[PDB]
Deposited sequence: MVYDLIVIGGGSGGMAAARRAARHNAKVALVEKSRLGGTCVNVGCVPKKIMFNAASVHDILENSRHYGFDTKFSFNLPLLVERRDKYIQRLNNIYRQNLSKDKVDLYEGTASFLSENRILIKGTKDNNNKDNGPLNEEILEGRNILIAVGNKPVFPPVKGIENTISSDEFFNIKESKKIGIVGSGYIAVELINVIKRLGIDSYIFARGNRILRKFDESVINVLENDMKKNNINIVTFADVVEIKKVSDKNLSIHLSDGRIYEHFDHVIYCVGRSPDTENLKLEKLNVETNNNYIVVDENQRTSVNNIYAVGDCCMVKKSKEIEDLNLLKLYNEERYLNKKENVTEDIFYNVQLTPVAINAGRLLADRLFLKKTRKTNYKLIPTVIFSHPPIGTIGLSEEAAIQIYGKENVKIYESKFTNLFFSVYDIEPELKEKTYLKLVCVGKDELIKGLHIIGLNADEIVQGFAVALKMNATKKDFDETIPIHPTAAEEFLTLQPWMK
């Protein structure tokens, strides 16, 4: 008999499993594919490696403005073996940590019908809509098998699509991204995105708006065509990638005969991650909290670790889904916490929203021998709601924006104000100091 059996060795189950492990629980975790799940084998990890890759290509393409004489070629199959070489080592490490802490791992698909508290941690799996030609399509996952390609088309404009198209261009591949609305990234502040799109277009990424693909044709093998509902046609794609969204691995868990609730396959739970049925719990994007979903590795890490506590020491600590810092690893990258300027106004009203923003050029681009206004930009935004100016949203796009936000999030959670930032003496010279002089 186990104190807790973990189903899902991805981000959530693992953390959960090892934490309870730490509190002396007899723990068991069963996995069917490689350990570390989505984030490790087909999300965050490789994605981030390919983002670094595309960063090296730009540095190589531009080293001449820094005194270097450079001639280089890129070979994607190599980036491929290095990167999978890496991934293979993590799985072994995870299985090592799993014996280090006394958890009894089991490889196999899990199914309900010996444990005292059973935790569902089976995240999603990709979504292919009923669209004509969809057979000729692949998913964000599959992209990680691509070692040859001259033209790629992505359908969607969510964060995965944009990160992927920017990584795709910067690897020598001709690139399109189809979007349903007026602009990609419809959920993020529109100014931050105006800068994103301007730069993408500057780098010849083709962005198509108001697109509804009603057909995916296959002239032949690796000669595909994308058909939109308005007359525009787009030919010659070796891969069309659908970045629709993802849905829980919930289909056959032999769950129904348990009256465990289900919205649209997502397992419902409470502040504590408890099911309708007690004993049985759920974290990871495979669930929905209420209802928030929120599919990010660190959130599922929080959840699982915190639960273990209510389960083994004390309840006190619960997961906060409010305030979730994000990084869109686009080119350039985007750091974003809290409300956009418009979300703010939908909540507190325009009479209460003041904004602070900046536009400048990273010092890195000083030697680039080109007209200033053509250098890659950096833009930031402070959205302030109230009277001594609480910061309800914080965003920036640029060189290293991925590394500048974490910290400001510690300050947004502490209800900091324009004035906290203003009394903060800045570090020079850095991109991040601009946040402190928005006067």
Practice problem: Take the full deposited sequence, match it to the modelled residues, and report the stretches without C-alphas. | Solution: 1, 115-140, 318-347, 497-500
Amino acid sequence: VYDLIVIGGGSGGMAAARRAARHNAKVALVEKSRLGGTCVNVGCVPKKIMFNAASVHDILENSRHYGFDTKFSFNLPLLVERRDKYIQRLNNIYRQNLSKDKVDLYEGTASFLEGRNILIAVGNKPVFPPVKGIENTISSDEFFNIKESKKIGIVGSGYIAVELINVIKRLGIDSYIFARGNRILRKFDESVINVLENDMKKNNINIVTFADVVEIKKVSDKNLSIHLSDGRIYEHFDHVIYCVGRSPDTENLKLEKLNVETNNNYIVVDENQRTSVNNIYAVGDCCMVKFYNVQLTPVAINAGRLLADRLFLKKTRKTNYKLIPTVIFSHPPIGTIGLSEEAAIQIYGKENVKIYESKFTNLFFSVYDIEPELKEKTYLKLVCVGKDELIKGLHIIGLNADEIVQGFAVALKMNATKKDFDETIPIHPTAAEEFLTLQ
From here on, numbers count along this sequence of modelled residues.
Quiz item: Would 361-369 or 140-148 have the larger average of its C-alpha temperature factors, as given in the entry?
Solution: 140-148
Self-check item: Which of 254-262 and 288-296 has higher mean CA B factor, as the PDB entry lists it
Solution: 254-262
Quiz item: In this PDB entry, which of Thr209, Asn203, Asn279, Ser330 has the top CA B-factor?
Solution: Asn279
Quiz item: Taking the values straight from the PDB record, which of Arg83, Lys71, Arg170, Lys350 has the highest C-alpha temperature factor?
Solution: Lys350
Exercise. State the tercile, meaning the lowest, middle or highest third, of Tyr106 with respect to the CA B-factors recorded for its chain.
Key: highest
Quiz item: If you rank the chain by CA B-factor, which third does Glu190 end up in: lowest, middle or highest?
Solution: middle
Exercise. Taking the values exactly as deposited, rank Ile165 by C-alpha B-factor within its chain and report the matching third: lowest, middle or highest.
Key: lowest
Quiz item: Mind checking which third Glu197 falls in for C-alpha B-factor across the chain?
Solution: lowest
Self-check item: Entry-reported Cα temperature factor of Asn415, expressed as the chain third it lands in
Solution: middle
